[PDB]
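Trainee: There's a structure below that I have some questions on.
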Amino acid sequence: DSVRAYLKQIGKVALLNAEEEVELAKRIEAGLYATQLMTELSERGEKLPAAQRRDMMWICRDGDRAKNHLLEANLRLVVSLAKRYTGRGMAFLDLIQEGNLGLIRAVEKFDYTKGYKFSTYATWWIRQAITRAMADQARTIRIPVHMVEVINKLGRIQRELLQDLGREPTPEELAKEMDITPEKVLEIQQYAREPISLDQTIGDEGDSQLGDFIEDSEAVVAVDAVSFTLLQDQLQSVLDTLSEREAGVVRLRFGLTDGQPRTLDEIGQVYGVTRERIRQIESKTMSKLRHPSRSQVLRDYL
Amino acid sequence: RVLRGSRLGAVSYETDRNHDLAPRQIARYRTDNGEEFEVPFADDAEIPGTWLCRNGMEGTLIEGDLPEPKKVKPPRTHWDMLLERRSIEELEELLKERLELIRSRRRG
Amino acid sequence: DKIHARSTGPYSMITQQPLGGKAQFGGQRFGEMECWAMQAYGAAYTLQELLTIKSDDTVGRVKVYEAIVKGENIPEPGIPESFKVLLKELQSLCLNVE
Amino acid sequence: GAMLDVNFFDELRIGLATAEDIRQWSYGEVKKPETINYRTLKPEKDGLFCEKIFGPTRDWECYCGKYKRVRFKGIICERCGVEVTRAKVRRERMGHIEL
Amino acid sequence: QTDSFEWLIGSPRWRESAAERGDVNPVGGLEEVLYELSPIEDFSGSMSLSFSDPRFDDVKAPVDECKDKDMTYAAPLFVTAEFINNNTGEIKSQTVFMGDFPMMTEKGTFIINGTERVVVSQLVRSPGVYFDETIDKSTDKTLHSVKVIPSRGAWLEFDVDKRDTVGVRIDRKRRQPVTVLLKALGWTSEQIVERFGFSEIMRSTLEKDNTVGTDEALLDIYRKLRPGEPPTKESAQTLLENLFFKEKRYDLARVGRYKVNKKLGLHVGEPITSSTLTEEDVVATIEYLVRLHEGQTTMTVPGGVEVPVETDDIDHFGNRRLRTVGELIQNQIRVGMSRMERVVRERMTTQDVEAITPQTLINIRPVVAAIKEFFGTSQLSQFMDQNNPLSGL
Amino acid sequence: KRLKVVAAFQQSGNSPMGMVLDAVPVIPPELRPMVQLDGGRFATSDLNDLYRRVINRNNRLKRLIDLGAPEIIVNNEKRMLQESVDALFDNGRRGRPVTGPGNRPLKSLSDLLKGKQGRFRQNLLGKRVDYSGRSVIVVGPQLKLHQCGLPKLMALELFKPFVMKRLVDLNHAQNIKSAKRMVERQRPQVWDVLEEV
Amino acid sequence: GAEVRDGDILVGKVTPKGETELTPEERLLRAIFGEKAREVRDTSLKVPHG
DNA sequence: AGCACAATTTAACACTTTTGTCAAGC
DNA sequence: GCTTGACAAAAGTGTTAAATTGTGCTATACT
Ligand SMILES: C/C=C/C/C=C(\C)[C@H](O)CC/C(C)=C/C=C(C)/C(O)=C1/C(=O)C=C([C@H](C)CC/C=C/NC(=O)OC)OC1=O
Ligand SMILES: [Zn+2]
């Protein structure tokens with residue numbers, strides 16, 4: 001048990017009290033300003049004397065020690081809070097860790113001179129970071145936090161209007177309720193629509209995965225491919241059925257030779273003629289091409 | 001019962017023209033651990049010296065340009081979180097406090 | 001209710017494979033009993049064709065289809081797909097493979 | 001000894017993979033536990049579908065879309081940051097993670 | 001199917017039905033659920049909730065229409081539930097909509113969303129006092145044993161060890177002497193040999209009991225039961241009684257108690273109740289067991305007619321009961337109401353005091369969820385194969 | 001026993017140093033596809049959340065080291081990490097494997113092994129090939145030994161490529177597509193060329 | 001009351017398919033044939049086999 | 001939970017040049 | 001055969017605005 005192992009780990013230290021908070025915070029303050037003046041003399045400020053050096057570094061080290069100390073003391077409260085959020089979405093130890101981080105942040109930004117309990121000011125940062133990471137890493141598809149909040153309000157109001165109406169309310173009722181549009185509600189729900197796994201068996205006799213019944217609608221028709229090939233083949237035949245500059249212009253205008261269709265600009269460029277000469281060209285060409293004589297074979301490829 | 005799917009990408013089908021390709025440039029970027037990664041870029045393509053390479057870390061160009069190294073500071077320090085909320089004079093108070101503290105400790 | 005055959009239909013999504021199941025086309029699975037069997041017979045090419053160009057060769061499938069449409073000698077069986085898949089798996093299991 | 005796997009297979013040696021060979025393999029290290037946009041429905045940078053490491057899911061189509069012609073290939077839109085190519089190397093390429 | 005269903009209903013049809021053959025208390029399965037759930041009270045005991053009158057409403061639509069429009073043929077559920085604060089005492093009586101509830105066809109089936117399923121009755125050997133003596137051929141000795149497996153309870157063995165000793169392994173423990181139980185049960189070695197004079201292995205083990213005094217046995221039991229735990233003296237009675245006599249976490253069925261007394265002729269002339277056990281039960285157990293590994297034919301316990309000394313069968317019907325349709329339904333009802341009450345008691349304190357109503361206290365969502373997930377999503381709730389009237393039947 | 005593995009490494013030019021892992025590989029995404037069905041709620045491949053846990057823990061403990069933290073939680077997170085990695089390779093091997101909704105266990109990479117016969121040689125059950133047809137069987141007492149009956153409808157679907165080719169050889173279908181839709185139409189001369197094919 | 005056979009159309013249903021660069025070839029066929037794009041994809045109901 | 005703000009994204013739109021079009025005659 | 005001038009629709013261009021989204025913040029006490 002890593003859970004209970006860490007539990008025994010954390011029970012190893014006892015709690016503290018007000019003056020504990022008092023002296024530990026004041027110690028850590030002393031250490032931080034000590035290291036501050038330390039880096040002050042880090043740039044050229046002085047040949048720092050021996051006793052001053054020893055006890056300033058000592059103050060630093062001591063504030064650090066008490067720093068870890070209080071955190072340790074409050075880890076029990078960390079667990080006592082985080083216990084009540086599990087059974088949903090995200091694993092427990094990770095919740096523990098992130099509550100630890102939020103503990104870090106709160107104890108960082110904590111004041112004693114406001115003369116409160118440490119835990120009180122802590123709990124804000126605590127549950128904040130907790131629920132934050134909750135919205136963060138509870139979906140394999142990440143979602144904006146405000147999206148999460150609106151979804152939460154949605155589900156709340158949903159159970160509300162359920163027990164009120166006695167039945168599942170209407171989506172129009174709901175959109176009316178949260179003062180947004182029904183399609184907006186729909187989009188919200190869909191975004192609030194969790195994915196499903198492909199590693200369960202649809203059959204009650206379990207031998208086939210659920211993913212063994214998914215038609216790949218973006219797969220290869222294949223015969224269509226050779227169809228496309230022979231398409232090109234009869235194509236080039238018909239291209240050769242007519243004059244040169246015709247087919248050249250056509251391939252250039254359709255990207256048929258390069259994959260990039262050229263405008264009348266490029267075409268009359270390479271030929272040295274006007275656009276509108278090319279337009280005459282194209283007119284006569286599509287006239288010639290638009291013959292049932294020519295399209296009898298060709299119509300089939302549609 | 002039919003259940004179809006589709007990966008979210010397009011699949012065309014041309015012929016593999018090995019002969020005719022867009023010509024293109026080649027660059028050498030250096031990493032922190034002096035790694036050299038090389039990327040064929042288009043001819044008409046700026047070669048930005050910075051690039052996170054196959055290494056996965058960020059890698060700069062082979063050359064020396066140095067437009068702007070960082071232009072960015074650290075986010076915060078717990079020093080700062082205290083400093084905004086506590087005075088330098090408070091700091092010196094607790095400082096000389098602990099000075100006499102350690103004194104009247106071991107050295108009385 | 002039982003009569004059913006197939007040549008070519010809707011390929012897989014996970015694997016590259018045209019759907020089994022007589023609700024859809026589906027078809028018949030040539031597995032372990034008549035493999036070991038074909039080996040017993042000694043005929044190898046048919047088995048190879050089955051396990052390659054009717055099983056996994058993505059390109060080879062349309063290739064063979066083309067060849068049949070054109071009335072031409074069969075292309076050669078390409079590499080299986082699940083083979084390479086297992087290969088990548090073994091790799092990603094932190095395993096020097098080659 | 002040929003990773004492209006064309007018809008010539010004398011022996012098949014196995015062995016423990018070195019960390020170098022690992023990092024020698026991958027084309028980049030993912031660094032975001034992300035998959036795809038809920039809304040645009042597309043992969044994410046440093047996510048477990050980043051085409052920059054994996055490759056395009058769309059045949060010869062850079063991420064920004066600056067190119068969509070197979071004549072463009074062996075190249076990368078610096079803006080998109082992914083190589084215009086076939087869309088099946090994703091079937092092949094491996095990603096790594098430094099702990 | 002009709003009768004299971006109506007009993008679970010408790011319809012007056014069934015009311016006169018069971019009344020036809022005694023059945024002094026015609027109780028429907030739902031009534032049973034009420035009596036087994038009520039009252040509802042806080043651990044502080046400051047406030048009290050209760051139920052009454054599980055009353056069916058008419059179906060919301062006709063069977064043909066329900067099938068066609070794919071609405072599962074059901075009907076509402078109303079309950080005369082009542083809350084009262086133990087602190088001062090005030091009635092909070094509501095007739096709560098328990099939820100729309102499916103209704104059996106007149107062909108004994110059910111329509112879910114227009115779909116037509118069939119529930120199946122599942123065979124199970126009932127919970128009971130189960131006997132056997134597998135001869136240790138390596139010892140060439142019959143090894144008489146017992147495993148009294150209750151519903152929602154713990155196991156226990158009265159084993160004929162290879163030695164002339166007691167196989168008093170209990171609740172999956174690995175081994176006990178009977179003496180530890182008796183002194184743990186408030187029995188002196190005098191009391192045991194008195195109660196068990198012809199008991200040869202009993203006298204032997206009581207010579208090898210190697211522990212004297214009740215509380216010594218109590219502490220040994222407690223430590224061996226919670227090994228890795230500090231022994232405490234009040235847990236002597238305040239654990240075992242909870243383990244095997246506090247009938248809130250250890251309760252074989254009423255039919256289990258019935259099977260017990262009937263196998264033993266203990267509760268000869270009274271209706272079945274109190275699924276908790278009794279030292280009476282255990283001692284008659286031990287007496288019959290030792291006599292079975294004694295050479296016997298039948299033994300009349302004080303207060304009980306002599307039961308013929310013999311083994312038991314898991315295969316024989318006399319143990320193999322039949323969980324019916326209404327049976328399984330009540331099982332689902334119980335499992336849902338468990339979750340629902342353990343959240344009512346949750347709010348029971350968190351709910352504001354002297355301002356709540358059971359309406360504020362009630363959540364039928366989990367129960368209806370269980371109902372739905374039972375009708376659907378169950379290998380016992382299966383599609384009626386209607387290829388013809390025959391195979392349908 | 002020990003000298004076995006000792007000589008194994010010694011003989012080998014390998015190194016047991018690689019036995020520890022420091023940099024983790026990742027499967028291609030295609031083999032772990034996030035494929036889509038019709039409507040927006042798509043399909044996944046069982047490894048994604050594994051990698052997610054790994055990434056989250058790694059980044060977390062990374063920034064933890066960055067900050068400088070009491071080593072207790074450091075070791076805790078590291079243990080968590082190693083557990084995650086083990087779950088990835090073969091979860092359920094050590095401790096209890098990792099959770100979701102639906103009362104049903106996990107599947108590491110180890111479980112994706114096709115053969116994957118451990119301690120029992122079950123049935124094999126490969127990929128169910130193509131180009132067959134099933135049916136019930138009946139006697140051909142009139143038939144010769146070498147022969148075999150056949151539902152014309154069935155083989156009709158069978159030789160579709162062959163028949164289409166041979167018929168477009170005839171002047172009966174201009175393109176292949178004509179042939180295929182004609183197969184859908186079954187114009188009786190279809191049966192005629194079916195004969196020869 | 002209409003007779004039917006496998007593959008025949010059951011219900012005329014359709015949805016948009018989206019937008020992709022047409023092949024030059026298909027564009028040519030449309031041009032010679034004056035045929036529109038109709039990006040909405042053809043998703044009807046056909047009777048399955050047999 | 002909720003608010004604040006902040007960067008970041010994108011879409012909207014006003015304008016411009018470009019390209020396809022025409023009608024012209026030449 | 002062919003060019004001209006003119007013409008509008010269309011592809012960009014770019015700016016600005018709106019929305020979107022990542023991030024930080026809260027002080028009775030509660031281990
Ligand atoms: C890359 C290989 C690494 C080592 C192998 C491992 C880990 C596999 O775990 C065992 C081998 C195996 C099984 C792989 C299955 C794959 C690739 C797959 O997907 C199949 C498949 O599932 C079935 C088949 C054939 C139908 C199996 C026929 C066996 C015949 N045996 C025989 O002829 O008797 C001597 O091919 C495949 O490629
Ligand atoms: Zn791009």
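Residues are named by chain letter and number: chains run A, B, ... in the order of the structure tokens, numbers start at 1 in each chain, and ligands are numbered from 1 in the order shown.
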Can you tell me, as a VMD selection string, what residues are no more than 10 Å from residue H:14 when counting only C-alpha atoms (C1' of nucleotides), ignoring any on the same chain fewer than 2 positions away?
Mentor: (chain H and resid 12 16) or (chain I and resid 14 to 15)
Trainee: Keeping only N, CA, C and O atoms (P, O5', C5', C4', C3', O3' and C1' of nucleotides), take the residues you just selected and write them out as a compact mmCIF listing (two decimals), in the first residue's frame.
Mentor:
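So part-v9.txt came out as:
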# COMPACT_ATOMS: atom_id res chain seq x y z
P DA H 12 -17.03 37.02 -38.40
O5' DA H 12 -16.00 38.22 -38.32
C5' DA H 12 -16.12 39.20 -37.31
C4' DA H 12 -16.76 40.45 -37.88
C3' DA H 12 -17.52 40.24 -39.17
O3' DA H 12 -18.57 41.18 -39.25
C1' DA H 12 -15.37 41.27 -39.55
P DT H 16 -8.67 50.95 -51.32
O5' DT H 16 -8.30 49.40 -51.31
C5' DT H 16 -7.13 48.96 -50.66
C4' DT H 16 -6.09 48.52 -51.66
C3' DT H 16 -6.18 49.18 -53.02
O3' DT H 16 -4.89 49.20 -53.63
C1' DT H 16 -6.98 46.92 -53.12
P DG I 14 -0.88 43.28 -45.03
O5' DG I 14 -2.00 43.99 -44.15
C5' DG I 14 -2.50 45.24 -44.55
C4' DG I 14 -3.32 45.86 -43.45
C3' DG I 14 -2.78 45.64 -42.05
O3' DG I 14 -3.25 46.69 -41.24
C1' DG I 14 -4.83 44.56 -42.24
P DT I 15 -2.78 46.83 -39.71
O5' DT I 15 -3.73 47.99 -39.17
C5' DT I 15 -4.88 48.35 -39.93
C4' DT I 15 -6.07 48.50 -39.02
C3' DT I 15 -5.74 48.48 -37.54
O3' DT I 15 -6.71 49.18 -36.85
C1' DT I 15 -7.03 46.60 -38.04
Trainee: List all protein, DNA and RNA residues that have at least one atom no more than 10 Å from any atom of ligand 1, counting only C-alpha atoms (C1' of nucleotides) and all ligand atoms, and write them as a compact mmCIF listing (two decimals) with N, CA, C and O atoms, in the first residue's frame.
Mentor:
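Output below, filename selection-v3.txt:
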# COMPACT_ATOMS: atom_id res chain seq x y z
N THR C 15 -7.18 -2.22 -37.27
CA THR C 15 -6.39 -2.92 -38.27
C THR C 15 -6.79 -2.44 -39.66
O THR C 15 -7.45 -1.41 -39.81
N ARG C 29 -13.01 -16.98 -41.36
CA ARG C 29 -11.64 -16.89 -40.85
C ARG C 29 -10.70 -18.11 -40.99
O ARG C 29 -10.71 -19.02 -40.16
N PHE C 30 -9.89 -18.10 -42.05
CA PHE C 30 -8.83 -19.13 -42.30
C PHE C 30 -7.63 -19.15 -41.21
O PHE C 30 -6.47 -18.88 -41.55
N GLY C 31 -7.89 -19.56 -39.85
CA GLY C 31 -6.88 -19.55 -38.75
C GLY C 31 -5.90 -20.69 -38.52
O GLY C 31 -5.02 -20.92 -39.35
N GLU C 32 -5.96 -21.37 -37.37
CA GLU C 32 -4.88 -22.25 -36.93
C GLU C 32 -4.98 -23.69 -37.42
O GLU C 32 -3.95 -24.26 -37.85
N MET C 33 -6.21 -24.21 -37.44
CA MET C 33 -6.49 -25.57 -37.87
C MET C 33 -6.04 -25.90 -39.30
O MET C 33 -5.37 -26.91 -39.51
N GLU C 34 -6.39 -25.06 -40.28
CA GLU C 34 -5.98 -25.41 -41.68
C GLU C 34 -4.68 -24.67 -42.19
O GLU C 34 -4.29 -24.90 -43.33
N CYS C 35 -3.99 -24.01 -41.26
CA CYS C 35 -2.66 -23.43 -41.48
C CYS C 35 -1.91 -24.70 -41.05
O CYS C 35 -2.04 -25.72 -41.73
N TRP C 36 -1.11 -24.71 -39.97
CA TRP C 36 -0.61 -26.07 -39.60
C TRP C 36 -1.10 -27.09 -40.66
O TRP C 36 -0.29 -27.87 -41.18
N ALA C 37 -2.43 -27.13 -41.02
CA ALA C 37 -2.80 -28.06 -42.10
C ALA C 37 -2.05 -27.82 -43.42
O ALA C 37 -1.48 -28.76 -43.98
N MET C 38 -2.13 -26.61 -43.98
CA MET C 38 -1.51 -26.36 -45.27
C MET C 38 -0.03 -26.68 -45.25
O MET C 38 0.52 -27.20 -46.22
N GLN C 39 0.63 -26.36 -44.14
CA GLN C 39 2.01 -26.77 -43.94
C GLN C 39 2.13 -28.27 -44.09
O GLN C 39 3.05 -28.77 -44.74
N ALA C 40 1.18 -29.00 -43.50
CA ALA C 40 1.17 -30.45 -43.67
C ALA C 40 1.10 -30.84 -45.14
O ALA C 40 1.85 -31.70 -45.61
N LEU C 47 -0.80 -20.25 -48.79
CA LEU C 47 -0.85 -19.75 -47.43
C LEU C 47 -0.22 -18.38 -47.33
O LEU C 47 -0.74 -17.50 -46.63
N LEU C 50 -2.64 -15.82 -48.78
CA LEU C 50 -3.69 -15.58 -47.81
C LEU C 50 -3.24 -14.67 -46.70
O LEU C 50 -3.87 -13.63 -46.46
N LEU C 51 -2.12 -14.99 -46.07
CA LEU C 51 -1.69 -14.25 -44.90
C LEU C 51 -1.06 -12.92 -45.24
O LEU C 51 -0.78 -12.14 -44.32
N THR C 52 -0.81 -12.62 -46.51
CA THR C 52 -0.25 -11.32 -46.85
C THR C 52 -1.23 -10.44 -47.61
O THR C 52 -1.69 -9.42 -47.07
N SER C 55 -4.62 -10.41 -46.08
CA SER C 55 -4.59 -10.16 -44.65
C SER C 55 -4.19 -8.73 -44.32
O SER C 55 -4.97 -8.01 -43.68
N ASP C 56 -3.00 -8.29 -44.73
CA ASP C 56 -2.45 -7.05 -44.19
C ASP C 56 -1.81 -6.11 -45.20
O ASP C 56 -1.69 -4.92 -44.89
N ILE C 79 4.93 -7.09 -47.12
CA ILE C 79 5.13 -7.40 -45.70
C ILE C 79 3.80 -7.33 -44.97
O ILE C 79 2.96 -6.48 -45.31
N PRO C 80 3.56 -8.18 -43.99
CA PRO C 80 2.35 -8.04 -43.17
C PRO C 80 2.39 -6.77 -42.34
O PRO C 80 3.45 -6.21 -42.04
N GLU C 81 1.20 -6.33 -41.95
CA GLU C 81 1.00 -5.11 -41.19
C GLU C 81 1.05 -5.35 -39.69
O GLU C 81 1.75 -4.63 -38.97
N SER C 82 0.30 -6.34 -39.21
CA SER C 82 0.33 -6.66 -37.79
C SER C 82 1.73 -7.06 -37.36
O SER C 82 2.12 -6.86 -36.21
N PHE C 83 2.48 -7.66 -38.28
CA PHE C 83 3.89 -7.92 -38.02
C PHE C 83 4.60 -6.66 -37.59
O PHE C 83 5.21 -6.60 -36.51
N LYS C 84 4.54 -5.62 -38.43
CA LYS C 84 5.23 -4.39 -38.11
C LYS C 84 4.66 -3.75 -36.86
O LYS C 84 5.37 -3.08 -36.10
N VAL C 85 3.37 -3.95 -36.64
CA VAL C 85 2.73 -3.38 -35.46
C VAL C 85 3.33 -4.00 -34.20
O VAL C 85 3.74 -3.30 -33.27
N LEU C 86 3.37 -5.33 -34.17
CA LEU C 86 4.02 -6.03 -33.07
C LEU C 86 5.47 -5.60 -32.94
O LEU C 86 6.00 -5.50 -31.83
N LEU C 87 6.12 -5.35 -34.07
CA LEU C 87 7.51 -4.90 -34.03
C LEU C 87 7.64 -3.59 -33.29
O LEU C 87 8.48 -3.44 -32.40
N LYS C 88 6.83 -2.61 -33.67
CA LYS C 88 6.83 -1.32 -32.99
C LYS C 88 6.52 -1.49 -31.52
O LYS C 88 7.09 -0.80 -30.67
N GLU C 89 5.60 -2.39 -31.20
CA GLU C 89 5.25 -2.64 -29.81
C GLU C 89 6.47 -3.12 -29.04
O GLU C 89 6.79 -2.61 -27.96
N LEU C 90 7.14 -4.13 -29.59
CA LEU C 90 8.32 -4.69 -28.94
C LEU C 90 9.38 -3.62 -28.76
O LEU C 90 10.05 -3.56 -27.73
N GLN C 91 9.54 -2.78 -29.78
CA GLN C 91 10.44 -1.64 -29.68
C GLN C 91 10.08 -0.82 -28.46
O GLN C 91 10.83 -0.78 -27.47
N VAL C 97 15.56 -3.89 -30.84
CA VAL C 97 15.05 -4.82 -31.82
C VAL C 97 15.63 -4.45 -33.17
O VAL C 97 15.85 -3.27 -33.46
N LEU D 12 17.28 -12.15 -37.14
CA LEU D 12 16.47 -11.20 -36.39
C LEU D 12 16.98 -11.20 -34.95
O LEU D 12 16.54 -11.99 -34.12
N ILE D 14 17.50 -9.74 -31.21
CA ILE D 14 16.83 -8.96 -30.21
C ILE D 14 17.87 -8.52 -29.18
O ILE D 14 18.94 -9.11 -29.05
N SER F 110 1.86 -5.01 -22.12
CA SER F 110 2.07 -6.44 -21.96
C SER F 110 0.86 -7.22 -22.43
O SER F 110 0.97 -8.34 -22.92
N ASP F 111 -0.31 -6.61 -22.30
CA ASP F 111 -1.56 -7.26 -22.63
C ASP F 111 -1.90 -7.12 -24.10
O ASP F 111 -2.79 -7.83 -24.58
N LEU F 112 -1.22 -6.25 -24.83
CA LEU F 112 -1.48 -6.11 -26.25
C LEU F 112 -0.80 -7.19 -27.06
O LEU F 112 -0.96 -7.23 -28.28
N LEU F 113 -0.04 -8.06 -26.41
CA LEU F 113 0.65 -9.13 -27.09
C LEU F 113 -0.36 -10.09 -27.71
O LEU F 113 -1.24 -10.60 -27.02
N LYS F 114 -0.24 -10.31 -29.02
CA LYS F 114 -1.19 -11.16 -29.72
C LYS F 114 -1.16 -12.58 -29.18
O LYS F 114 -2.15 -13.07 -28.64
N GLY F 115 -0.02 -13.26 -29.33
CA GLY F 115 0.08 -14.61 -28.80
C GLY F 115 -0.07 -14.58 -27.30
O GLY F 115 -1.11 -14.98 -26.77
N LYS F 116 0.95 -14.08 -26.62
CA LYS F 116 0.88 -13.71 -25.21
C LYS F 116 0.40 -14.89 -24.36
O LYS F 116 -0.35 -14.74 -23.39
N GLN F 117 0.84 -16.09 -24.74
CA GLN F 117 0.47 -17.29 -24.01
C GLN F 117 1.31 -17.41 -22.75
O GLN F 117 2.51 -17.67 -22.82
N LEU F 124 -5.98 -20.14 -30.49
CA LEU F 124 -5.10 -19.13 -31.07
C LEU F 124 -5.85 -17.91 -31.56
O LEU F 124 -5.62 -16.81 -31.05
N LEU F 125 -6.74 -18.05 -32.55
CA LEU F 125 -7.69 -17.00 -32.95
C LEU F 125 -6.96 -15.74 -33.43
O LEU F 125 -6.87 -14.72 -32.73
N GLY F 126 -6.43 -15.85 -34.63
CA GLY F 126 -5.81 -14.81 -35.45
C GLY F 126 -6.76 -13.81 -36.12
O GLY F 126 -7.63 -13.28 -35.42
N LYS F 127 -6.65 -13.54 -37.46
CA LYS F 127 -7.32 -12.33 -37.99
C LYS F 127 -8.56 -12.57 -38.87
O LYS F 127 -9.17 -11.58 -39.30
N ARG F 128 -8.94 -13.81 -39.18
CA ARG F 128 -10.15 -14.05 -39.95
C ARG F 128 -10.06 -13.44 -41.35
O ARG F 128 -10.62 -12.39 -41.61
N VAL F 129 -9.23 -14.09 -42.18
CA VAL F 129 -8.89 -13.69 -43.56
C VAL F 129 -10.02 -13.27 -44.49
O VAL F 129 -11.15 -13.08 -44.04
Trainee: Please extract the residues of chain B with a backbone DSSP assignment of helix (DSSP H, G or I) and present them as a PyMOL selection string.
Mentor: chain B and resi 78-83+88-104
Trainee: Residues within 6 Å of ligand 2 should be enumerated using only C-alpha atoms (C1' of nucleotides) and all ligand atoms and returned as a list in words.
Mentor: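 Those residues are residues 62, 63, 64, 65, 66, 77 and 80 of chain D.
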Trainee: Atoms to include: C-alpha atoms. Write the selected residues as a CSV table (one decimal), in the first residue's frame.
Mentor:
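To be explicit, this is the file written out as selection.csv:
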chain,number,residue,atom,x,y,z
D,62,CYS,CA,1.2,21.5,-43.3
D,63,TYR,CA,-0.5,22.4,-40.0
D,64,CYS,CA,-1.0,26.1,-40.8
D,65,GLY,CA,-1.9,24.9,-44.3
D,66,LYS,CA,0.8,26.9,-46.1
D,77,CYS,CA,6.5,24.9,-42.9
D,80,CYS,CA,3.3,24.9,-39.1
Trainee: Would you write out, as a tab-separated table, a table of all residues in chain A that have an atom no more than 9 Å from an atom of chain F, listing for each the closest atom pair and the distance in Å to one decimal, considering only C-alpha atoms and ordering rows by chain and rising residue number?
Mentor:
residue	atom	partner	partner_atom	distance
A:1	CA	F:95	CA	7.4
A:2	CA	F:79	CA	7.9
A:6	CA	F:76	CA	7.2
A:9	CA	F:72	CA	8.5
A:10	CA	F:72	CA	8.8
A:67	CA	F:70	CA	8.8
A:68	CA	F:70	CA	5.6
A:69	CA	F:70	CA	8.6
A:71	CA	F:70	CA	8.2
A:72	CA	F:70	CA	8.0
A:88	CA	F:100	CA	8.6
A:89	CA	F:100	CA	7.5
A:90	CA	F:100	CA	8.8
A:91	CA	F:99	CA	7.9
A:93	CA	F:80	CA	7.5
A:94	CA	F:57	CA	7.5
A:97	CA	F:77	CA	7.2
A:98	CA	F:60	CA	8.1
A:100	CA	F:73	CA	8.0
A:101	CA	F:64	CA	8.0
A:104	CA	F:69	CA	8.6
A:137	CA	F:56	CA	7.8
A:139	CA	F:49	CA	8.8
A:140	CA	F:49	CA	6.4
A:190	CA	F:40	CA	7.8
A:191	CA	F:40	CA	8.9
A:193	CA	F:41	CA	7.0
A:194	CA	F:41	CA	7.1
A:195	CA	F:41	CA	5.6
A:196	CA	F:43	CA	6.2
A:197	CA	F:44	CA	5.8
A:198	CA	F:44	CA	6.3
A:199	CA	F:46	CA	7.3
A:200	CA	F:104	CA	8.7
A:211	CA	F:43	CA	8.3
A:214	CA	F:37	CA	7.9
A:223	CA	F:177	CA	8.8
A:224	CA	F:177	CA	8.8
A:227	CA	F:176	CA	7.3
A:230	CA	F:175	CA	8.5
A:297	CA	F:174	CA	6.7
A:300	CA	F:175	CA	6.8
A:301	CA	F:177	CA	7.5
